[PDB]
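To keep things clear, I will list the structure first and then write my remarks on it.
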Amino acid sequence: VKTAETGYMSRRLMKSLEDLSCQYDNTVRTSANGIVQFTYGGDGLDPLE
Amino acid sequence: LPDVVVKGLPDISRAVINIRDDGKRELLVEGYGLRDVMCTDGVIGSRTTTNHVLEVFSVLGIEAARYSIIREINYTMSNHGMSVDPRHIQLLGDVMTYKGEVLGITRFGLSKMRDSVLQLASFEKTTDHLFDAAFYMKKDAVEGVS
Amino acid sequence: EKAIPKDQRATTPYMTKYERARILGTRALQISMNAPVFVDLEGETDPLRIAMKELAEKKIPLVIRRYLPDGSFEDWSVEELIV
Amino acid sequence: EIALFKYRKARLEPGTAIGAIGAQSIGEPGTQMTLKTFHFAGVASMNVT
Amino acid sequence: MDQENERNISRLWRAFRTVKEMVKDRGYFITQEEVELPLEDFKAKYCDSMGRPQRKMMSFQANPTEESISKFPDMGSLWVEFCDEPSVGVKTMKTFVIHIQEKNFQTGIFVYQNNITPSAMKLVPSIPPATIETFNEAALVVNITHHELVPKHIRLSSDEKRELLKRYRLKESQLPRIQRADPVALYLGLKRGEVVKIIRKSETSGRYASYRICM
Amino acid sequence: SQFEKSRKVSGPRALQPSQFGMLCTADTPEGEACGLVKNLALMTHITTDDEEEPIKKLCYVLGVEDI
Amino acid sequence: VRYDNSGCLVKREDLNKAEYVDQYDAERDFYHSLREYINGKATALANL
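Chains as they are written, first to last, in full-length UniProt numbering: chain A, 877 to 925; chain B, 1267 to 1412; chain C, 71 to 153; chain D, 1072 to 1120; chain E, 1 to 215; chain F, 475 to 541; chain G, 975 to 1022.
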């Protein structure tokens, strides 16, 4: 029964966290340039690196 | 008559006092107040935290609602392993409440900022978001990836 | 709409991994349309492979226009950017 | 030199779709849930979700 | 019964602490003797000889502390009062509005007692320059700001808002919004178009600030 | 077996202890019909309604009164 | 350089804690942590 819910929470969470990218002024914004967070995580560090 | 209250708070089911690893005693209730519970003789109103996010939002505010939602997600995942490197949790706890109100991801939740009609047409209960978009005459500048 | 001059550039002087793949694909799409190369390539095919030889030598005649969200052009030539 | 190079490469690069990464990093550990009844209480005092 | 009059005077004393802390947080001159007075300086100062608390013996006036004048030229004094009846009708708040219009008060906050009638809420936009705030004595027992979860909210000036929007190259619409009738906003009295600064204390990074704008 | 709705079922898919020797405790399909489709064991027998008439007249002989 | 949100610089005796916590604070805190890590080696070398 888990195979019927393989992506239902991840697709609904993808509806809002989709058009967010960091601009060249180190600010993460939305598609309509409305700013949402001034620096990423309070420090601007990539959690991958 | 035999279910009329006498003394106590009306919106709390029960209460259990619990012992930690040290010699301290902490009570816990299962209610919904957080204002009349915080305004109680015997306890201190310095720190108390509930699971309900809207209960914190109605009493404490916007900025104290995101600081609880970045740790309630952190609590329901660190009890299994699976580190989700909490900057992701802080990004989740900021896109839900950057408008001045805590509204989640539901049918009435995707209408927080997205002016895009076709992005909002990728959800269930269709044939009602197109007609009011054609009635109120949305300008709908294409900017989103959807 | 205003173009930032060379002495007022405020962005990072490094090359992003997102702007390494687009400049390489644009160079490889130009080479596949019979553009003259500027590298001593060994005899081979696949313009995506001989565009990496130009990127490793830094002889690509392009620049990377970096737009800020009010119009702040900020030219940023490729050879100025280091890998 | 090592401590400055590993910090200067660690910043979040401009243009990273950081909403799409954060939306999949949360939902993908969500798809491995069994029942797993736990409790934030003593000897089976409360059933918490 | 005197048992209901021994601990219910500390219920109003703890709110009397919160009103002093709130008028201190606005940027008004208060001293470190009226906010740190013990129970011995409150029994024979505010209540009756029989044992009940008085009503009209709470109202005082606070002036700005000679630095917020330089930060804000268009700001004056307030006039905090206290109820006489458990349910405010007409004549007492008409006396309050005539008092504010008479003695040249730019604002004044009103502590309320038990339960709000709908005949008293249509008059709250009375004076277009001078606004008033309607609190509740059950919502002023505990203090919201230093709980565990509320960071340091700091109201900025019109000279500091101009420096913020020029440095980020923004407008007033891009900043994250905060609503009216919020327990952070009505504690500090934010108007429409005022940027507040928030100093968050996180774990992965530490201490960092952000900015909100009020609607 | 037939379901009512496939949203919040959660009940008729676990193995009941009351099918010991009646239904097969191993052979179930793997997929959407997991637990909804069952099998009989070896020594079982599904019965039929016989008469219902002489059993009621036999209880009255054994001592029960009419209602 | 730390600025107090209204133009010019901050005071010299206002750098530990203030109401003017700006950006570039995690970077200088990382620099102070690296200073503290280097100081831990010389302290052990002097104690040995």
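For each residue, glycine too, the CB sits at the ideal point set by N, CA and C.
Would residue i and residue j be called neighbours here (beta carbons separated by less than 8 Å)?
{"i": "E:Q179", "j": "B:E1367", "result": "yes"}
{"i": "E:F82", "j": "E:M58", "result": "yes"}
{"i": "A:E881", "j": "D:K1080", "result": "no"}
{"i": "E:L188", "j": "E:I213", "result": "no"}
{"i": "E:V124", "j": "E:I132", "result": "yes"}
{"i": "E:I198", "j": "E:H153", "result": "yes"}
{"i": "B:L1326", "j": "E:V196", "result": "no"}
{"i": "D:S1096", "j": "B:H1346", "result": "no"}
{"i": "F:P491", "j": "F:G509", "result": "no"}
{"i": "D:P1085", "j": "A:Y884", "result": "no"}
Closer than 8 Å, CB to CB, is residue i near chain D or not?
{"i": "A:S897", "result": "yes"}
{"i": "C:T86", "result": "yes"}
{"i": "A:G910", "result": "no"}
{"i": "B:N1284", "result": "yes"}
Determine whether the Cβ of residue i lies closer than 8 Å to any Cβ atom of chain B.
{"i": "D:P1100", "result": "yes"}
{"i": "A:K891", "result": "yes"}
If you measure from the beta carbon of residue i to each beta carbon in chain G, is any gap under 8 Å?
{"i": "E:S158", "result": "no"}
{"i": "E:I144", "result": "no"}
{"i": "E:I69", "result": "no"}
{"i": "E:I30", "result": "no"}
{"i": "E:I154", "result": "yes"}
Please compile the residues from chain G whose C-beta is within a distance smaller than 7 Å of the C-beta of residue i.
{"i": "A:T906", "result": "The premise fails here: A:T906 is roughly 20 Å from chain G at the closest Cβ pair, so nothing lies under 7 Å."}
By the criterion of Cβ-Cβ separation under 7 Å, what are the contact partners of residue i in chain E?
{"i": "B:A1407", "result": "Within 7 Å Cβ-Cβ: nothing; B:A1407 doesn't reach chain E, min ~14 Å."}
{"i": "residue 921 of chain G", "result": "Since the first and last residues shown for chain G are 975 and 1022, residue 921 of chain G lies out of range."}
Below 9 Å on C-beta distance, what does residue i contact in chain B?
{"i": "E:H99", "result": "By Cβ distance, chain B contributes nothing, its closest Cβ being about 30 Å from E:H99, past 9 Å."}
{"i": "D:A1115", "result": "By Cβ distance, chain B contributes nothing, its closest Cβ being about 12 Å from D:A1115, past 9 Å."}
Taking Cβ-Cβ distances shorter than 8 Å, what residues in chain E pair up with residue i?
{"i": "G:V995", "result": "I199, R207, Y208 and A209"}
Measuring only between beta-carbons, confirm whether residue i sits less than 8 Å from chain E.
{"i": "G:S1007", "result": "no"}
{"i": "B:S1344", "result": "no"}
{"i": "G:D988", "result": "no"}
{"i": "B:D1277", "result": "no"}
{"i": "B:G1375", "result": "no"}
For chain C, is any of its Cβ atoms less than 8 Å away from the one on residue i?
{"i": "D:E1084", "result": "yes"}
On the DSSP bridge assignment, give the partners of residue i in chain order.
{"i": "G:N1021", "result": "DSSP lists no partner for G:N1021."}
{"i": "C:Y88", "result": "None, per the DSSP bridge assignment."}
{"i": "E:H99", "result": "In DSSP, E:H99 forms no bridge with anything."}
{"i": "E:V195", "result": "E:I213"}
{"i": "G:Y977", "result": "G:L983"}
{"i": "B:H1354", "result": "None, per the DSSP bridge assignment."}
{"i": "F:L497", "result": "F:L514"}
{"i": "D:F1109", "result": "D:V1119"}
{"i": "E:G108", "result": "E:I132"}
{"i": "E:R155", "result": "E:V196"}
{"i": "B:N1284", "result": "B:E1292"}
Which bits of chain D does residue i rub up against, with CB to CB less than 8 Å?
{"i": "B:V1350", "result": "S1096, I1097 and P1100"}
Comparing alpha-carbon positions, which option in the options lies nearest residue i?
{"i": "E:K56", "options": "E:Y28, E:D74, E:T92 and E:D41", "result": "E:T92"}
{"i": "A:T903", "options": "A:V877, A:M890 and A:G918", "result": "A:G918"}
{"i": "residue 543 of chain F", "options": "F:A507, F:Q490, F:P528 and F:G495", "result": "Outside the shown range of chain F, which is 475 to 541, sits residue 543 of chain F, and nothing can be said about it."}
{"i": "B:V1322", "options": "E:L164, E:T134 and E:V184", "result": "E:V184"}
{"i": "E:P64", "options": "E:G51, E:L78, E:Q54 and E:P53", "result": "E:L78"}
{"i": "E:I100", "options": "E:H146, E:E4, E:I127 and E:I69", "result": "E:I127"}
{"i": "E:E137", "options": "E:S87, E:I154 and E:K161", "result": "E:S87"}
{"i": "B:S1312", "options": "B:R1301, B:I1339, B:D1269 and B:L1357", "result": "B:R1301"}
{"i": "E:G193", "options": "E:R200, E:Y211 and E:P118", "result": "E:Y211"}
{"i": "B:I1328", "options": "B:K1404, B:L1386 and B:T1363", "result": "B:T1363"}
{"i": "B:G1370", "options": "A:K878, A:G910, A:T879 and A:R888", "result": "A:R888"}
{"i": "C:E149", "options": "C:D140, C:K129, C:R79 and C:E71", "result": "C:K129"}
Report the neighbours of residue i on chain A: residues whose CB is nearer than 7 Å to its CB, in chain order.
{"i": "residue 155 of chain C", "result": "This structure leaves residue 155 of chain C out entirely; chain C is present only between 71 and 153."}
{"i": "B:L1369", "result": "Within chain A, no residue comes near B:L1369; the closest Cβ sits about 10 Å away, beyond 7 Å."}
{"i": "E:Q174", "result": "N909, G910 and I911"}
Cβ closer than 8 Å: which chain B residues qualify as neighbours of residue i?
{"i": "E:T18", "result": "Ordered by position in chain B, no residue passes the 8 Å Cβ test against E:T18, which lies about 10 Å from the chain."}
{"i": "D:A1081", "result": "The contacting residues do not exist; D:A1081 stays about 12 Å from chain B at best."}
{"i": "D:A1074", "result": "Neighbours of D:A1074 on chain B: none; closest Cβ ~21 Å, over 8 Å."}
Is residue i close to chain A? Criterion is C-beta to C-beta, closer than 8 Å.
{"i": "G:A1000", "result": "yes"}
Just to make sure I have the definition right: I need the residues of chain B whose C-beta is within less than 7 Å of the C-beta of residue i. Which are they?
{"i": "A:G917", "result": "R1353 and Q1356"}
Using a Cβ cut-off of 8 Å, pull out every chain A residue sitting near residue i, in sequence order please.
{"i": "D:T1087", "result": "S897, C898 and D922"}
{"i": "D:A1091", "result": "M890, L893, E894 and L896"}
{"i": "B:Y1402", "result": "Those within 8 Å of B:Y1402 in chain A number zero; the least Cβ separation is about 18 Å."}
Identify the contact partners of residue i in chain G, using a Cβ-Cβ distance below 8 Å as the criterion.
{"i": "E:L123", "result": "Here the premise fails: no neighbours, minimum Cβ distance about 37 Å."}
Find the residues of chain A that neighbour residue i, judging by a C-beta separation of less than 9 Å, and give them in chain order.
{"i": "B:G1410", "result": "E894, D895, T906, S907 and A908"}
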